[PDB]
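> Here it is, the structure in full.
Every residue, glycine as well, gets a Cβ built from its backbone with ideal geometry; the counts of neighbours run over all protein chains shown. Bear in mind that the values in this text are calculations on the coordinates, not laboratory data.
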Ligand code: NA
């Protein structure tokens, strides 16, 4: 156990469980001989790259699961959201740290994964004859994230049983309370629109449901802390 | 003349006539870099590989011939049959020793051969319009072996006159009373089912009929003694 | 011991039937002796789910045109297969000047000649095609649309000023080649509803596979 | 002095007629403009006895399709020869989606084009095909059945949605190549009764060859 | 000119011929590929990745589908009881259908190799007990009781000591050909069985739940392979 | 292109021509051959093996 600091942000955490480096690649920068070498892309350091701890979610027996979209999740939040909006192009990596706080008498297991291009789908009017399209509140939910309505198919017609094919980590209350994942910038272009395109989604779903006996705190806190890594912005507005 | 022993089994036999090594190949084992290298195939030594002497058959003037199926012939017999049944896969070679006991006043000649994949056929209702199929008692006759009904065509539409194209040896009473044949494991797969597939048949047929004068023992004993060589079993049950 | 059959190239090889152009004499269908087929790799049923095992892909395609009458009969007819690349105007009539625009590669061939065959390069302005795009192109109806995936269009037609004497059919086969893919994802387990999105029938959400009576009875 | 003609390859060379598919216009026979021919090397009469001189064999095959009308006439008709490999579902109708499944290699050819020709590999999951199997696959009707000898199936048909204007016939020739064999056995000397087993007519058991009056008279 | 003779096969179009054809845009220069993380080059990579095995493929009720991802163990159960059982049949219908491995087997005809199944106990930390996980090779029949299951290949798993445990299916081979109805399939027979038994009862102190769930993850080992591509699916692009 | 002249015999199918033809399954890898005892390579081997001569080909 030891507490780390980046700028003015300080989180208390355990020495070092096993971190997961998405696709074995560390988030890196983009070198000079690139498409936009005229408009030098400023690489924020100071405050922009630090610990952002979002509103804790409460895990319940009934909870189906939550997901957040990146970079959307921070585009509203502080000085990162500052750059995310008034800059034409963006690229960046992320350190994601999902932590729980529960007693040795609580039980359950969360699957924490990162899915690039997490396109959401709708129920299509139930009968599937309605070509309905997900709302903006569902597509880009902000820092509060959004709750899954049909986890089994990840609200998108795909088996969550296979979600482990993506960078992921398990949070099994009887053995660990935190998961850490490093995501490199993943896209078909070197730079892209921070507000229009969400490069990936953060999924945290209960596979083994929360449980405890009557009298124990009934809601367990899932706290997402995340820090940008090697972020770059271009074209100020 | 000298008597040899393997384990607790001891047979009395003549120094060493000419042995026949089927297809010039000695029965060998199957090395580590094989399909099942996870489930190490135990290679029985102790008691499993020893002298099994089956119920003697009585050769008569009328006798048409006998055949036995391997490994079927021992799957009932003792500790080999033990492994043959409660093991998923099997491979093995064999030393086959066919011996007669007759006086210098008896006469006749047996052809002893080994035929891999000795598929038996039926008379097909006589007219050949019935697609009848051989019984299990005929297909896999046990240690008592089975008697040929139509030797000329080896109960399978093929000329016994050409059976010599297979590993074989002659037992001509006026010159010898025993034949010995070494059979290597012969199959299109490295391992196979001991109870469902009979890798080969042992045929012993009189070509020159038994004969003797009135007063001489009228039935001559054909005694089959056989020993497994380099047997392997896999997947215990 | 070998593993070639499980390589991406192996998995995506083969020429499949992706399109079928009908050029009837009398009819409601394609009444102008011409047809415009925008290239859709999804034409081969089975393809959608397969390519969607990945997020990003890159490849070339070999197109083969097998033409005949609806009885499979071969007739003395000349045809024109024009490839109008993305960004180019497609023909709107049998007499459109597009059919004559040099920058739209055309192959002229006889129905008697063996199938026509050509190669189409990776067209995207992006580094790779991508089956999923979580965003909007600069609630909405534009969600998930990656336009930079247009491969082009094939405009088919009998040659000549006068209608063809014969009723025709052109089948388009496509073979993917030089395949590369990134970011694997869970395999679709609910039936598809629309070509453009992952929408699934929320009433009929079925289990990924077969079920049984109890977990203790095989 | 030479011995090449007695090599196994020599003994088993040549393309023989193994199959004949009839595609009549009016008829009881193959009424759906298609036919499924499971590959049977026994199609050439003479073959069975020859391959059965051995117990185990391994080889490739070159298949040649010679098509025409029953008068040997050549007509402007397009055909489809689809090879559905063992384990794959064969078409059940002229409109089966099998005809469109990419994993079933198909060759499209004109009756006017010279014979189609393709090569089929050693398909067995076993190390070799085997004409004799003394056992049962995990009194019975399954005795002697080695299933792992399936080479695949050829589904033939005229192309198109509408029936062909012409009455056709497709003859399938097969040439064995790269032959290897093991464990020779006595050559069949009694007539065959059933394709799948060695059953022989027990009433009519004939002597292997010709006879004479006495052993002392030539 | 140069003497030539056209040979049979001339003019045919073989859907699987991988020849070369004329380029439509000879001067076009495709945008260059850049580096994208996570490239896959051989499906076998995905086959080796563990995914959830729906051992509990029982509930079909839409709102209970998530329950198939986990099976329970409880106080109620008595020592020796059979907990769950399933066969090692990646390509056939059943639990493996949920695994990415099972799904990929569906695009092939034959396959073989070793498998691996990891069991994750997700009960309370305060909960303890022992389970006997057993593998019965192909042919062998499900053990009558714990006792006999113990005589075979097995693992005594103490979820008090370790939270996960991995079993290795030594070998499965979907090669034996079949010709049942009129449709020729290439099925297993190599169905080894995995049976899970309560060795001890589920032990827990006051305040700890009396039911916990186990999640099963599975994947193929490195010696795994697949042959004969076979495109098949019920999920096809719509009209 | 490259100048060519088709010669007589063009397009014929000779049952004994041992040319090469397109492979139906180019990616398929046939299970490997293992060693099986008793391979025969030339019929003459069998010809040299003694078999019974029915000198007494009389009874039928
Ligand atoms: Na000339």
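> If I ask for residues that are under 24 Å from the mean Cα position of the chain (by Cα), farther than 15 Å from residue D:102 by Cα and within 14 Å of chain D (Cβ to nearest Cβ), which ones from the stretch C:7-29 would you list?
The answer is C:20, C:21, C:22, C:23, C:24, C:29.
> Out of all the residues in the stretch C:48-80, which are more than 21 Å from residue D:110 (Cα to Cα) and assigned to a strand (DSSP E or B)?
Within the stretch C:48-80, C:54, C:55, C:56, C:57, C:58, C:59, C:60, C:61, C:62 qualify.
> Also: Can you tell me which residue within the stretch F:4-20, out of those that are away from the ligand (no atom under 16 Å from the Cβ) and within 7 Å of chain E (Cβ to nearest Cβ), is nearest to residue D:114 (Cα to Cα)?
Only one residue fits best here, namely F:11.
> Working carefully through the options A:115, A:111, find the one that is part of a strand (DSSP E or B), closer than 20 Å to residue E:235 by Cβ and in contact with a helix residue (DSSP H, G or I) (Cβ under 8 Å, 6 or more places away or on another chain).
A:115
> Test each condition in (1) part of a loop (DSSP other than H, G, I, E, B); (2) away from the ligand (no atom under 16 Å from the Cβ); (3) farther than 25 Å from residue D:62 by Cα for residue F:1 and report the one that comes out false.
(2)
> Pick out the one residue from D:133, D:200 that is in contact with a strand residue (DSSP E or B) (Cβ under 8 Å, 6 or more places away or on another chain) and either buried (at least 19 other Cβ atoms within 10 Å of the Cβ) or not in a loop (DSSP other than H, G, I, E, B) (or both).
Within the list D:133, D:200, the selection yields D:133.
> Confirm whether residue E:43 is touching a helix residue (DSSP H, G or I) at 6+ places or on another chain (Cβ under 7 Å) and either more than 14 Å from chain F (Cβ to nearest Cβ) or within 16 Å of the ligand (Cβ to nearest atom) (or both).
For residue E:43, the condition - touching a helix residue (DSSP H, G or I) at 6+ places or on another chain (Cβ under 7 Å) and either more than 14 Å from chain F (Cβ to nearest Cβ) or within 16 Å of the ligand (Cβ to nearest atom) (or both) - is not met.
> Any idea which of A:153, A:204 is under 15 Å from residue A:67 (Cα atoms), within 17 Å of the chain's Cα centre (by Cα) and surrounded by 24 or more Cβ atoms within 10 Å (Cβ to Cβ)?
Matching residue, one of A:153, A:204: A:204.
> Follow-up. Please give the number of the condition residue E:90 fails out of (1) under 26 Å from residue B:89 (Cα atoms); (2) more than 15 Å from the chain's Cα centre (by Cα).
(2)
> Identify, from the list B:93, B:65, B:24, B:78, the residue that is out of contact with any helix residue (DSSP H, G or I) (no Cβ under 7 Å at 6 or more places or on another chain) and crowded, with 18+ Cβ neighbours inside 10 Å.
That would be B:93, the only listed residue that is out of contact with any helix residue (DSSP H, G or I) (no Cβ under 7 Å at 6 or more places or on another chain) and crowded, with 18+ Cβ neighbours inside 10 Å.
> Hey, can you tell me all the residues within the stretch B:161-173 that are more than 15 Å from residue B:119 (Cβ to Cβ) and facing another protein chain (nearest Cβ under 7 Å)?
Once the filter is applied, which keeps residues that are more than 15 Å from residue B:119 (Cβ to Cβ) and facing another protein chain (nearest Cβ under 7 Å), the stretch B:161-173 yields B:161, B:162, B:164, B:165.
> Among the numbered conditions (1) assigned to a loop (DSSP other than H, G, I, E, B); (2) closer than 21 Å to residue D:55 by Cβ, tell me where residue D:205 comes up short.
(2)
> I'd like to check something: does the stretch C:114-122 contain any residue that is more than 8 Å from every other protein chain (Cβ to nearest Cβ) and buried (at least 19 other Cβ atoms within 10 Å of the Cβ)?
There is at least one residue in the stretch C:114-122 that is more than 8 Å from every other protein chain (Cβ to nearest Cβ) and buried (at least 19 other Cβ atoms within 10 Å of the Cβ).
> Let me ask something else about it. Under the condition of being under 20 Å from residue E:75 (Cβ atoms) and assigned to a strand (DSSP E or B), which residue from the stretch E:134-175 is farthest from the chain's Cα centre (by Cα)?
E:158
> Could you grab me the full set of residues in the stretch E:46-61 that are more than 7 Å from chain A (Cβ to nearest Cβ) and either within 14 Å of residue C:181 (Cα to Cα) or out of contact with any helix residue (DSSP H, G or I) (no Cβ under 8 Å at 6 or more places or on another chain) (or both)?
Once the filter is applied, which keeps residues that are more than 7 Å from chain A (Cβ to nearest Cβ) and either within 14 Å of residue C:181 (Cα to Cα) or out of contact with any helix residue (DSSP H, G or I) (no Cβ under 8 Å at 6 or more places or on another chain) (or both), the stretch E:46-61 yields E:48, E:60, E:61.
> Still on this structure, please answer the following. Would you confirm whether or not the stretch E:21-29 contains a residue that is more than 14 Å from chain F (Cβ to nearest Cβ), surrounded by fewer than 20 Cβ atoms within 10 Å (Cβ to Cβ), assigned to a strand (DSSP E or B) and away from the ligand (no atom under 16 Å from the Cβ)?
Within the stretch E:21-29, one or more residues are more than 14 Å from chain F (Cβ to nearest Cβ), surrounded by fewer than 20 Cβ atoms within 10 Å (Cβ to Cβ), assigned to a strand (DSSP E or B) and away from the ligand (no atom under 16 Å from the Cβ).
> Pull up the stretch E:107-121, narrow it to residues that are more than 9 Å from every other protein chain (Cβ to nearest Cβ) and surrounded by fewer than 20 Cβ atoms within 10 Å (Cβ to Cβ), then point me to the one that is nearest to residue A:108 (Cα to Cα).
So the residue we want is E:118.
> Moving on. Among the listed residues C:102, C:126, identify the single one that is out of contact with any strand residue (DSSP E or B) (no Cβ under 6 Å at 6 or more places or on another chain), surrounded by fewer than 16 Cβ atoms within 10 Å (Cβ to Cβ) and more than 14 Å from chain D (Cβ to nearest Cβ).
Selected residue: C:102, the only one of C:102, C:126 that is out of contact with any strand residue (DSSP E or B) (no Cβ under 6 Å at 6 or more places or on another chain), surrounded by fewer than 16 Cβ atoms within 10 Å (Cβ to Cβ) and more than 14 Å from chain D (Cβ to nearest Cβ).
> Still on this structure: Go through (1) more than 20 Å from residue E:29 (Cα to Cα); (2) within 14 Å of chain D (Cβ to nearest Cβ) one by one and return the number of the condition residue C:90 breaks.
Looking at each condition in turn, residue C:90 falls short on (2).
> Another question, then. What do you reckon, is residue C:163 part of a loop (DSSP other than H, G, I, E, B) and more than 14 Å from chain A (Cβ to nearest Cβ)?
Criteria met by residue C:163.
> Can you tell me which of (1) assigned to a helix (DSSP H, G or I); (2) within 13 Å of the chain's Cα centre (by Cα) is the one residue B:162 doesn't meet?
For residue B:162, the failing item is (2).
> Just to be sure I understand, how many residues within the stretch B:135-159 are assigned to a loop (DSSP other than H, G, I, E, B) and closer than 19 Å to residue B:96 by Cα?
3
> Test residue E:65 against the stated conditions and say whether it is in contact with a helix residue (DSSP H, G or I) (Cβ under 6 Å, 6 or more places away or on another chain) and within 7 Å of another protein chain (Cβ to nearest Cβ).
Criteria met by residue E:65.
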